[PDB]
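Participant: Dropping the structure in here first, questions after.
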Amino acid sequence: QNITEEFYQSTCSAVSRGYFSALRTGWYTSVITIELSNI
Amino acid sequence: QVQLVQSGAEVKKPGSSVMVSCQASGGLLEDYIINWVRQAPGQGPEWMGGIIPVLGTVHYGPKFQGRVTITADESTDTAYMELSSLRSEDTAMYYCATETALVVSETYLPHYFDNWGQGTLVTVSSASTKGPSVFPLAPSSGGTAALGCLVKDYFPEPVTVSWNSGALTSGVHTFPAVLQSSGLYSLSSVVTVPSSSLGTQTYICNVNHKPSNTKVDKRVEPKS
């Protein structure tokens, strides 16, 4: 867990570098069932 | 506390069809699962089928489907079982057994039998119905004598016997019927009794062979 931050006085902005991505690109669908008996 | 009363034992010809009834007293047929179980001599019981009138569903055992019909007459609270094309393998005691079906969902199945009928002995044979003859077995001369009566030459089983209208039970031994070489069944019923009551006490054996409509009350006592 090594993170480096840079602050730019010219533009009053800051960039925190070193993080990694985990983007939700798709979907997985599953059908969960429960068996019932109607009285 | 509900008693299941089935139809009486009978002899049916091979190839014919038999109808057995089962009468419920104390509750409605819709309130039960009504099952039919049979037991051949020397085997365990075999479940034939069951009907659930509250759901209107009838179920048949695979061996018996297509030749067994079970119905539920809700007008009289009587269940029935009709088995057609009778043959020797069918000689067995047939039992009517119930499971309470008070709170039932759909696709409910029979699971157990907590209330039973008395059983109906169906005998498939070519022989005719014949009532038995009863003959005394008089006592004579330690301190206990024995007497009895002999129930001979009847068909089919069973024959029933009670002593003193069912009063005398401690010490009675009613032996299983024996098929004689001549055919037909025969049976003996003996009871031991103190020797001092041989003259002061009356001993009557009440023999019933319901298939033949035979009711016999035979008195036993020494002769002279």
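Participant: Output the qualifying pairs, or none if there are none: Cβ atoms under 8 angstrom, residues six or more apart or on different chains, first residue in the range A:28-39 and within 23 Å of B:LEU109 (Cα to Cα) and at the interface with chain B (Cβ under 9 Å from one of its Cβ atoms), second residue in a loop (DSSP other than H, G, I, E, B) and aliphatic (A, V, I, L, M).
Facilitator: A:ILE39/B:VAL103; A:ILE39/B:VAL104
Participant: Kindly provide the set of residues from the range B:111-129 that are farther than 13 Å from B:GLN3 by Cα and in contact with a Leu (Cβ under 6 Å, 6 or more places away or on another chain), ordered by number.
Facilitator: Selection gives B:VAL124 alone.
Participant: Now, a different point. How do the pairs read when you match residues in the range B:93-107 that are more than 14 Å from chain A (Cβ to nearest Cβ) with residues anywhere that are of a type in the set (A, V, I, L, M) and buried (at least 16 other Cβ atoms within 10 Å of the Cβ), using Cβ under 6 Å and keeping only pairs 6 or more apart or on different chains?
Facilitator: Final answer for the pair search is B:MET93/B:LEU121; B:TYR94/B:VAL20; B:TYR94/B:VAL122; B:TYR95/B:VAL37; B:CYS96/B:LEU4; B:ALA97/B:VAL37; B:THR98/B:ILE34; B:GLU99/B:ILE33.
Participant: With the condition kept exactly as written, say whether any residue in the range B:126-133 is crowded, with 19+ Cβ neighbours inside 10 Å, touching a strand residue (DSSP E or B) at 6+ places or on another chain (Cβ under 9 Å), among the hydroxyl-bearing types (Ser, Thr, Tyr) and not in a loop (DSSP other than H, G, I, E, B).
Facilitator: Among the residues of the range B:126-133, not one is crowded, with 19+ Cβ neighbours inside 10 Å, touching a strand residue (DSSP E or B) at 6+ places or on another chain (Cβ under 9 Å), among the hydroxyl-bearing types (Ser, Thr, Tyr) and not in a loop (DSSP other than H, G, I, E, B), which makes the answer no.
Participant: Do the conditions hold for B:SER182, that is, is it more than 30 Å from B:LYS12 (Cα to Cα) and not acidic (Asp, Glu)? Reasoning before the result, please.
Facilitator: Details: more than 30 Å from B:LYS12 (Cα to Cα): no; not acidic (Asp, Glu): yes.
Spelling it out, it is not the case that B:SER182 is more than 30 Å from B:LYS12 (Cα to Cα) and not acidic (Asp, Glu).
Participant: Wholly within the range B:1-62, which strands (runs of 3 or more DSSP E) include no fewer than the required count, namely at least 3 residues that are not charged (D, E, K, R)? Walk me through how you get there before you give the answer.
Facilitator: Details: elements: B:3-6, B:10-12, B:18-25, B:32-39, B:45-52, B:57-60.
Where strands (runs of 3 or more DSSP E) fall fully within the range B:1-62 and carry at least 3 residues being not charged (D, E, K, R), they are B:3-6, B:18-25, B:32-39, B:45-52, B:57-60.
Participant: Moving on to the next point. Could you tell me which of the residues B:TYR112, B:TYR80 is more than 14 Å from chain A (Cβ to nearest Cβ) and outside any strand (DSSP E or B)?
Facilitator: Working: B:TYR80 fails: outside any strand (DSSP E or B).
Being more than 14 Å from chain A (Cβ to nearest Cβ) and outside any strand (DSSP E or B) holds for just one of B:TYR112, B:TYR80, which is B:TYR112.
When we count neighbours, we look across all protein chains shown, and the Cβ atoms used for this are built from the backbone with ideal geometry, even at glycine. Bear in mind that the values in this text are calculations on the coordinates, not laboratory data.
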